[PDB]
Ligand SMILES: *[C@@H]1O[C@H](CO)[C@@H](O[C@@H]2O[C@H](CO)[C@@H](O[C@@H]3O[C@H](CO)[C@@H](O)[C@H](O[C@H]4O[C@H](CO)[C@@H](O)[C@H](O)[C@@H]4O)[C@@H]3O)[C@H](O)[C@H]2NC(C)=O)[C@H](O)[C@H]1NC(C)=O
Ligand SMILES: *[C@@H]1O[C@H](CO)[C@@H](O[C@@H]2O[C@H](CO)[C@@H](O)[C@H](O)[C@H]2NC(C)=O)[C@H](O)[C@H]1NC(C)=O
Ligand SMILES: *[C@@H]1O[C@H](CO)[C@@H](O)[C@H](O)[C@H]1NC(C)=O
Ligand SMILES: *[C@@H]1O[C@H](CO)[C@@H](O)[C@H](O)[C@H]1NC(C)=O
């Protein structure tokens, strides 16, 4: 048993049939010594008496909000969140497994630019009583300052017989240096809590590893007169870092319609040929460190 | 209280004293996920206004119930209060027409009652070390299963076998493989209750069948093209009864590969097409190959050879031999046409045609196309010449034949001079003029006609008469005995008059 | 560490890291990671995960079993998946080599070469052992019972003036490697008999136009041995059979020899010689091509 | 310095280092890289403001890192067995590194350790060559 938050305790359990559980002692936070009664959750039945309480935590029915009373008044609280340990492997029930790019990938984080802002998405099929709490830091031997806001809901979708909920959180590095060479990585630590079941996750990365620049901005096409050849013109994405002569982006251009066109231009313009009812589609990638490609932003050939 | 939470209060109906035969039965509860369980039962009799309830009683003795409504099954998670690490007692209570009907009690540990599911249709297939290998991803939270398979051919019944223990993220199963018949395979699992048999897995033969197809080619049109046509379609593969119309991934794919034998000086002369898209061909020679393939690879291919057209057309082909090279002139067909010229020496059985490719050409002021080469067509020889052209040289199916004819290289006028010319006395007033066929006769369409010249030496009178190109013997009549005469013969072409043979002097003695 | 790899356990292979080619081996990786139980072990071969045929005997140690291991060299290291860590964790690794025990060496011969001051010895190697094999040459005297040992990866020479312990000696070679060791048969040598003269070279060849065409072949050897017998092979370029004749030659001058050969036919010639009566012969001389007029 | 040639050869360096190592294994006990590998930290003046203020500070660190990575790429890790192909991109990496260091300022291991060591060295090399190519890219368009 250990402390997670103020007046919230996490009890570990070995999750095998007919388990012996764990031994747990509860102590009311009061200078008083006599006339103390205890109840579990909203039930009014008295479980025990005295300053100390001993229970044996065997299942979710024995966990819940414990309250000590004296004189008919609420003294303090003590919540018990279980933490299943299945043959040495902890449970991952709450957060849905994305399985990309590898298995057990629960938190997926991305950054638009190099300034030090990332954002982590995680999927679940649980609608009510769900409460996340994110904290993060850079390194573990001597941590630095990275601040994360509250975790909100971004979008909701339906897949299969169940639903699916997508959360997100915005984090900023406090001492961000966009130009340095990273040596030690960032840690993200999510504490997923659902009713009385506690879980907890971790992801580590380099900022240069999770960069996915925005789709290229302001796509305009002007073909040669009476010619199918079209020169492509665009500009660097707005959210990308500055100056653009330092943080350089190598692009990609395809022509799709309903014969494959693939060109990678380091210049903001290129020329291709559009077939009938085709679409010019553009990508982007950081030129020097191959982190990731961008989503296509397109306009159609007419 | 809630849809997924047990209520630890009394059911709002009295207990069952009726004991009617019709009611809930066969209550089984399995664990479907890491924290979700389901319980299913069957109801006997009419379902007119029947509400079922699932009841549970923990080890401590406190009893709770779920409000299943009119559904025949219910789902709940481990936080509902139903104990999952211990011993619980579950029984179904149904309310109908103002009566209660209970079910036989079942006592189990819900964390242990796990039912395993067969693979979810996505089974990989492969050939390894002479035996068929199939791999499937493991179902979620269902590791550690004994897996057992059954298989059959079109002519054999089910045969049962074992694959071995499975304890990974993806499973595997080693199975024998048939050579020409397909197989059906069905699969089931059980943890270290046996699962239901899978959806069918169908396996095609390791070697695809030979493409049993027949082709036909049209006659060469005036546009210089002919179309290829399929006379017979490939025979269908024999599949087991359970695989007929099932498993589109076991189908044989057929591809048509075209190889243009003419214009070998071109960069690319091969193209692959679908058997459903029949191509247009020129008067050139082509090789057509059909390749059959399946998930294991390609089978044996069949190739058909299409010969070149032998028809000769009288086209105005002018060839000029200069001090620096030879130039060809012929009527242009259309604008921006790329021409490929092929010539073969006559009498050279199996000799490869010399290929010459031109840049795209437009008709000149005289409406002619031209090609020049350095000092090359050997001199004093006959060549069979065929010209092809295309406005889209990259598309082999758009090439067309421009002309096909024979041409004599070099000085046709000098080399075409009739040889072995002889004059023999036939009568007191006639002579026989016999000669050997000129070299031009060996070039079809080049020799237009012969001309015979007779000169009376005493009167100096000269007479000329044309002779057919197939005749090398003529009898000249109406001559005077005792007079000296001179005779010469020449071979004329479609454009130039030949050189006269050496003058033969003769006189009629008798 | 960018310069070092830290092992986090140990690994051993049965029967041994060195074993006979093609046998059945078993690799036991025992993960010793602190504060972690290994979720999944993940063997690798030269950076390629061989996923098939693994058995999880027990939580710390999994076994990978090979059938017909046919690689001369392979790098094998085992990795692990910790429940909390994202990347696989390296346990340790080992390098294994497979080969054959050495064959028995035969065909032992030794020759002194004229003017060389050396005895040269050679012996056959047998089948390819695929591993480091070393040859030890033992040279024991029959007169003083003194033995001289020598080492090579292939062949060796013994200087003539080290064999002062008499004239009757005994030579045999010993082949050694990790998977076995075998000894050759003992070869009896005497230094007078094993002398081979200096190499004989053909100089030229001319044909004389006589009543019968006579072809003379001109050749010499720089030996100082008085008694020398030789053999020579001559044949047409279109024929497969060899024709050899015997000579007794004194090399004070260039020896001459006549031949009656067919005209307009190219022939080829080679020579070999020996000290008369001795066991060994010279190798056949390089090929000389001559065409009769 | 010769900014244009340095920029184009550093582009060559980036694409070569990403052709050499296009995957992951964790060695326990690694908490103190310290002075094992020189890195371009914040405060070495390799940001654009540092370039426009004083390039010498950044180029000093870049040259030290470059010579360190040539020393690593020239040791027995990349020359010893399993011997790499001379036509393989790894051999080109050392030549390009020597070129860059020239244009700027005129333990034994087992055969199984070397695969992992090569992967971890290429992983560090890509991360350093990225910032090197960036600082050379910014110079050839502003400090011409
Ligand atoms: C993610 O989940 C894991 C698994 O639950 C969790 O690991 C656990 O962390 C707690 C707290 O860090 C560990 O408990 C500690 O154990 C040490 C070792 O003896 C004790 O010294 C600690 O005692 C302090 O805290 C007590 C309670 O607050 C006090 O009573 C005491 O006086 C000390 O102040 C403490 O008990 C626990 O051992 C691990 N579990 C395992 C299996 O190691 C991890 O922390 C979670 N991480 C995140 C970021 O959420
Ligand atoms: C035994 O003696 C012979 C004769 O000297 C050696 O052969 C020569 O070796 C040197 C050194 O490698 C070469 O440069 C010569 O080309 C060799 N000559 C011939 C004719 O092969 C032989 O190497 C000696 N044996 C050993 C083991 O050193
Ligand atoms: C696990 O397996 C290894 C190898 O089979 C064995 O030596 C060991 O005793 C087993 N048990 C433990 C606790 O390591
Ligand atoms: C004798 O042998 C040694 C090596 O065994 C060699 O170096 C030397 O050259 C040889 N002598 C002659 C004359 O070749």
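FYI, it's all coordinate maths here, none of it is from the lab. FYI the Cβ positions are ideal-geometry reconstructions off the backbone, even for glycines, and counts take in every protein chain you see.
Conditions tested, residue by residue: (1) within 14 Å of ligand 1 (Cβ to nearest atom); (2) outside any strand (DSSP E or B); (3) away from chain B (no Cβ under 14 Å); (4) more than 16 Å from residue A:198 (Cα to Cα).
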{"position": "A:3", "(1), (2), (3), (4)": "yes, no, yes, no"}
{"position": "A:13", "(1), (2), (3), (4)": "yes, no, no, no"}
{"position": "A:20", "(1), (2), (3), (4)": "no, yes, no, yes"}
{"position": "A:30", "(1), (2), (3), (4)": "no, yes, yes, yes"}
{"position": "A:39", "(1), (2), (3), (4)": "no, no, yes, yes"}
Residue pairs qualifying under the 8 Å Cβ cut-off, at least six apart or on distinct chains, with the first in region C:268-291 being closer than 9 Å to residue C:231 by Cα and the second being exposed (fewer than 14 other Cβ atoms within 10 Å of the Cβ), are C:270/C:286; C:270/C:287; C:272/C:283
The strands (runs of 3 or more DSSP E) lying entirely within region A:49-98 that contain at least 2 residues which are over 28 Å from residue A:31 (Cα atoms) and within 11 Å of another protein chain (Cβ to nearest Cβ) are A:73-86
Quick one: which residue in B:211, B:205, B:139, B:154 is assigned to a loop (DSSP other than H, G, I, E, B) and within 30 Å of residue A:102 (Cβ to Cβ)?
B:139
Could you tell me whether any residue of region A:240-260 is in contact with a strand residue (DSSP E or B) (Cβ under 9 Å, 6 or more places away or on another chain), under 30 Å from residue A:82 (Cα atoms) and part of a loop (DSSP other than H, G, I, E, B)?
no
Quick one: residue A:226 ticks every box in (1) loosely packed, with under 14 Cβ neighbours inside 10 Å; (2) away from every other protein chain (no Cβ under 14 Å); (3) assigned to a strand (DSSP E or B) bar one, so which box is it?
(3)
When you look at residue D:48, is it farther than 30 Å from residue C:88 by Cα and within 11 Å of another protein chain (Cβ to nearest Cβ), yes or no?
yes
Checked against (1) within 20 Å of residue A:181 (Cα to Cα); (2) within 14 Å of chain A (Cβ to nearest Cβ), residue D:101 satisfies every condition except (2)
Considering only residues of region C:147-161 that are more than 11 Å from ligand 4 (Cβ to nearest atom) and either within 16 Å of the chain's Cα centre (by Cα) or surrounded by 11 or more Cβ atoms within 10 Å (Cβ to Cβ) (or both), which is farthest from the other protein chains (Cβ to nearest Cβ)?
C:147
Only one of (1) crowded, with 21+ Cβ neighbours inside 10 Å; (2) away from ligand 3 (no atom under 16 Å from the Cβ) fails for residue C:91. Which number is that?
(2)
Output for Cβ contacts, cut-off 7 Å, separation at least six or different chains, first residue farther than 16 Å from residue C:32 by Cα and within 14 Å of chain D (Cβ to nearest Cβ) in region C:43-66, second away from ligand 4 (no atom under 16 Å from the Cβ) and not in a strand (DSSP E or B), reads C:47/D:115
Across (1) more than 16 Å from ligand 4 (Cβ to nearest atom); (2) within 25 Å of the chain's Cα centre (by Cα); (3) buried (at least 17 other Cβ atoms within 10 Å of the Cβ), residue C:110 clears everything bar (1)
Expected single match for assigned to a helix (DSSP H, G or I), within 12 Å of chain C (Cβ to nearest Cβ) and closer than 25 Å to residue A:210 by Cβ among D:72, D:116 is D:116
Which residues, taken from region B:117-136, are surrounded by 14 or more Cβ atoms within 10 Å (Cβ to Cβ) and more than 24 Å from residue B:71 (Cα to Cα)?
B:118, B:119, B:123, B:125, B:127, B:132, B:133, B:134, B:135, B:136
Just wondering, is there one or more residues in region C:76-84 that are within 14 Å of chain D (Cβ to nearest Cβ), crowded, with 18+ Cβ neighbours inside 10 Å, outside any strand (DSSP E or B) and away from ligand 3 (no atom under 16 Å from the Cβ)?
yes
Could you say which residue among B:40, B:83, B:33 is closer than 30 Å to residue A:93 by Cα, surrounded by 13 or more Cβ atoms within 10 Å (Cβ to Cβ) and over 60 Å from the mean Cα position of the chain (by Cα)?
B:83
Only one residue in A:197, A:212, A:163 is in contact with a helix residue (DSSP H, G or I) (Cβ under 7 Å, 6 or more places away or on another chain) and more than 13 Å from chain D (Cβ to nearest Cβ), so which one is that?
A:197
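For the structure I just gave you, tell me whether residue A:206 is within 14 Å of chain D (Cβ to nearest Cβ), farther than 25 Å from residue D:141 by Cβ and surrounded by 13 or more Cβ atoms within 10 Å (Cβ to Cβ).
Yes: the conditions hold for residue A:206.
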When you check residue D:10 against the structure, is it within 18 Å of residue A:289 (Cβ to Cβ), within 12 Å of chain A (Cβ to nearest Cβ) and more than 13 Å from the chain's Cα centre (by Cα), yes or no?
no
